[PDB]
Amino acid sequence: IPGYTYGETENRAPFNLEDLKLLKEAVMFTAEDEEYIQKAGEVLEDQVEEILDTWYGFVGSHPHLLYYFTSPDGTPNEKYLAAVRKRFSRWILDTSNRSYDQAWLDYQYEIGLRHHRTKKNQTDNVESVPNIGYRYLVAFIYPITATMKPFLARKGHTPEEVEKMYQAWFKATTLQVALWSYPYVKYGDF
């Protein structure tokens, strides 16, 4: 997967495992959730293409959102959309498969950086808007959580198991957006 550099960041994350433990508690994430994010693992894998179509359908239809993928001239960069889609697709599986350990926090930082002016547009070596405003990263907690629900019910699990899979997805998305705020936030306010 071009530009996907998990495990090989070259910068350690400015947040450690203790931060992650405390942030896990704040988000009500337990060993129960560890189990259930993995059940979402297997439920979502067959559907990843239809999931991405849904999200891209949402981004594409709102010009003020599609904007973050556009060449300086206002037109959407197809190459850029295509290349990010693959890493987004990977990220669904990563969220469900990976140990939330130091390597994982290393990539969280990496992902925060790439949304932010620090590294945005560098990975795919494109010319686009310098920065995605943090307001929209937070906003996206909703559609990224809520739209995953139907896809979790699909493969016919027990409604409780659906509900617990959704609940873990909600916690993990929230947890990650929270960490991705690091490059955006004033030093010492994070």
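So that there is no doubt, residue numbering starts at 1 and follows the sequence shown. In this text, rigid core is short for the largest set of C-alphas that superpose within 1.5 Å between two forms.
- Larger average C-alpha displacement in 5 other deposited structures of this protein, relative to the shown form after a rigid core fit, is seen for 152 to 160 when comparing 152 to 160 with 26 to 34.
- The question of which stretch, 47 to 55 or 132 to 140, has the higher mean Cα B factor is settled in favour of 47 to 55.
- Looking at mean Cα B-factors across 153 to 161 and 64 to 72, the upper value is held by 153 to 161.
- Which of 181, 167, 9, 173 has the largest Cα B-factor in the deposited entry comes down to 9.
- When the modelled residues of the chain are ordered by C-alpha B-factor, residue 106 sits in the lowest third.
- Ranked by Cα temperature factor within the chain, residue 31 sits in the middle third according to the deposited record.
- Sorting the modelled residues of the chain by their CA temperature factor places residue 121 in the lowest third.
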